[PDB]
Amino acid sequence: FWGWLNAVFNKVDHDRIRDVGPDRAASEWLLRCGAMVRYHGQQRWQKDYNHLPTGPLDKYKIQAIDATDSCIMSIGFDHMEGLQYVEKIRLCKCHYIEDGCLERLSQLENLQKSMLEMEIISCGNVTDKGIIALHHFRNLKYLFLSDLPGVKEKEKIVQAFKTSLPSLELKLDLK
């Protein structure tokens, strides 16, 4: 219904993966959902889906992800599985991101190593539960929560992190 496309765009094309390998596949899913990515090695952000590197075989790993105004959703997070090197993620004004998404991510082993830096800005459906789940990123050096109206017991988050990730810089920007 006037938006089935969301399912089409979030579909996971395991064939494509196995062909051109996870990072490439995940860059197509992302940019086609109005996200951007940045490969280890470059300063340029990939932002135009049609300009994606389609030659230099299998050298581009994904390192930072910017979902602003994006239409990604958890039925598609299988794209995030075989990603070895992701260090940054920014989620901002993404309507369909919420607690379930944050769980799924925070349970991706490959990401639990690689992640250093996360920001959740202005995503209305996320909550305290979703946030706390983020402790499983054992290497997370910094995490910015801003404009998250679904988050209530802030202070209690600050504690959980204080204990389970003692040296995480934890910028807050909450009501």
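Position 1 is the first residue in the sequence shown; the rest follow in order.
- In this crystal structure, the stretch out of 25-33 and 135-143 whose C-alpha atoms carry the higher mean B factor is 135-143.
- Two stretches are in play, 55-63 and 119-127, and the higher mean C-alpha B-factor belongs to 55-63.
- Sorting the modelled residues of the chain by their CA temperature factor places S70 in the lowest third.
- The deposited CA B-factor of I17 belongs to the middle third of values across its chain.
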